[PDB]
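Alright, here's a single protein chain in two forms, structure 1 and structure 2, each given by itself as structure tokens.
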Structure 1
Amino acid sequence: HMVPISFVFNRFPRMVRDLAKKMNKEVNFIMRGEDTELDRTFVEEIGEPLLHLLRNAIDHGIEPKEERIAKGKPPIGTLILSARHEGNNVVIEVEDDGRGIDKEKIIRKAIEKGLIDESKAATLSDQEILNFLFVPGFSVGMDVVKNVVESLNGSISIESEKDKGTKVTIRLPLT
């Protein structure tokens, strides 16, 4: 019993538009693969997680116009929400060309939270740093996003580089 992911994606253009206006951000929102089908029981559950990722992109990712110009970047930020099938799973991606997740900030927070000390933090790989955002209570919150995705028997990944932006990938079972 599947339905097009458009049942999830449809309310986003409006919400992204309002969030950007409200945060004085200029964002061009692009949705791809809205016809991609997924279990209808996933529809309600996955909406909240995706909205949070979109909000993070507009809030923490896309920089104010003045800052983007200072970086030699396109004046308007780009936010892409896509869906597609990859074998036996539905792949959903949220990608922005914003400032990227501040990895030093994450390390500092992890240390203060008592999750690691200075010594071990110094050698963490970029991916190991980003994964701290998945720890329950670290942060709503990427930790809750990961938990909900997991409750759907899915998986989540994060990719982010300074000034390039951030891409969050969610994989849900194709059942």
Structure 2
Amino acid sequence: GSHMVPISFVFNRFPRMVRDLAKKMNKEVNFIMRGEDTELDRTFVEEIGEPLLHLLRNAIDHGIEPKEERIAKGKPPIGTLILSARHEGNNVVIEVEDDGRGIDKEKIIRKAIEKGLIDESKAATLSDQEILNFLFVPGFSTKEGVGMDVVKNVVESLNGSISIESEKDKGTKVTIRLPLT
């Protein structure tokens, strides 16, 4: 790689943003960053900021439940949000994981049925990955050009890839793979 620079050039700006977001949304969250010394193409560093911030915001908004709710639910009172970078072969892997309520998969199914994309019989045969992928279909999720869409497009314009996994009341993990320059 030619113009390598530590991912910290983009990471160090998140602790402040996370705390303020958590305060505004009345959420209690412990933010952990890992692999801040991971080197990657400077172009990626300058472009991956917007996408990551959105995933972080998603986690704080839709993921982590208010402290009172986590308590009522029987989970540790403070939520955990982890942002990490690491090497996997010739790929830099960035992950945003929260231990929140998890993506509501039924909600997605209901929305897909409403849009006429699938019917009830078919909906019952879909796999979790199949359900979660609806989140990447442009125009699927209602807006207010932000969203999972913009995240995937930006990541893919860097020749990157993005995947999602989630478990009810367990949390959600978004994974971004960036290529070695």
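Here, a residue number simply tells you its place in the sequence of structure 1, counted from 1. Under this definition, the rigid core comprises the largest set of C-alpha atoms superposing within 1.5 Å between the forms.
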*Position that moves between the two structures after core superposition, taken from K113, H60, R32, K65, with Cα shift of 2 Å or more*: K113
*Once both forms sit on the same core, give the Cα displacement of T78 between the two structures in angstrom.*
0.1
*Can you give the C-alpha shift of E45 between the two structures in Å, rounded to one decimal, after superposing the rigid core?*
1.1
*asked:* Please report, in Å, how much the Cα atom of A122 moves between the two structures when the rigid core is superposed.
replied: 2.1
